[PDB]
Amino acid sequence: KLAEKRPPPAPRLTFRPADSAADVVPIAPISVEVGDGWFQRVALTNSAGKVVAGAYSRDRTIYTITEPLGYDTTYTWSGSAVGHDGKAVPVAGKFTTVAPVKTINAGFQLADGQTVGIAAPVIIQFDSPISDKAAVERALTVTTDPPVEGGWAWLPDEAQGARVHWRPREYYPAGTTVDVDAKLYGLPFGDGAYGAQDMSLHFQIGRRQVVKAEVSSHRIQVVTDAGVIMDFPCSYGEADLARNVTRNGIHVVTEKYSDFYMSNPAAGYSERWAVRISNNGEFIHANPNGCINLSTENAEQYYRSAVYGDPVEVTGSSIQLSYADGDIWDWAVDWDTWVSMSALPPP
């Protein structure tokens, strides 16, 4: 004659990740939901007391974290959720994120905001080898305006570590803007290594400028949208021996010196108005070898015009630019060879 009804349910809390889990990836989904009830308060702190941000998805059945976490850190839940009957039951729990075997840092070779020439590669250099290069490359997106075809390619690791290069197939159209996103935080690089940090880079391609360098011509031409703006007598390597041959193929300008003191394989010299076109010791500069030599006042005027990433098309030479010459050799190989240095299939 009285009640005899079985009570309304207890709230059911489901934790992702679950209580006491270790080796949790710092960008994994982190949540807490309640059925048969709604949350009254939820918070997540790390071991040091820093709240980690999150918001409740509607009809407060779920609370989700909205910022990445750290490595080798233990996180605790605190809160309560009220059931049907009105009594509140605690939201308490723990977990711990991964400590990686090592964290592999990386960096771009250009700065955000840089304006570069129509042949600049995007260079990402790491400070360790990389076991799962495909996993890392799949974390790379390049977005161009206008959109342009290109590819990622891995070069042989340097002493500092592995390194990957992005090249357009044809030259960038002058003015193109470039956005590079590397989502490497919490990404396993394999063999227990993890990305150190997400990286992003914004830069612009500058004015179109192409150097035409036909060795048999004893001239160099500098051509922009204004046409031939420089046609200089010059001279190239005598090509007696191989050390004095100007490499064939499309070079990239990297560095330039008003006034410079160098010593490295060729002999050793100190010069003026040098524009470096290879890490092998080739320059456009003044002579008053390997290099392209101009009069001092023609070397100066070119030197001022030049920009990182400008292409230098050398033709009529008998040794083609190569890995053996150091960076930048990315334009000395056909496209099918470039897509073949991707750690992924070749669409």
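Note that residue numbering begins at 1 and tracks the sequence as displayed.
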Size class of the missing deposited segment between residue 270 and residue 271:
1 to 3
How many residues sit between residue 288 and residue 289 in the deposited sequence but have no coordinates: none, 1 to 3, 4 to 9, or 10 or more?
10 or more
Mean Cα B-factor comparison, 289-297 or 56-64, giving the higher one as deposited:
56-64
Where do the C-alpha atoms have the higher mean temperature factor in this entry, in 215-223 or in 241-249?
241-249
Looking at 102, 256, 207, 165, which has the biggest Cα B factor in the entry?
102
Maximum C-alpha temperature factor, selected from 184, 130, 228, 266
266
When the deposited Cα B-factors of this chain's modelled residues are ordered and cut into thirds, is residue 109 in the lowest, the middle or the highest one?
lowest
Please say which third, lowest, middle or highest, residue 71 falls into when its CA temperature factor is compared across its chain.
middle
Binned into thirds over the chain's modelled residues, the C-alpha B-factor of residue 78 lands in the middle
Sorting the chain's modelled residues by C-alpha B-factor and splitting them into thirds places residue 88 in the highest
In terms of the chain's CA B-factor thirds, is residue 120 lowest, middle or highest?
lowest
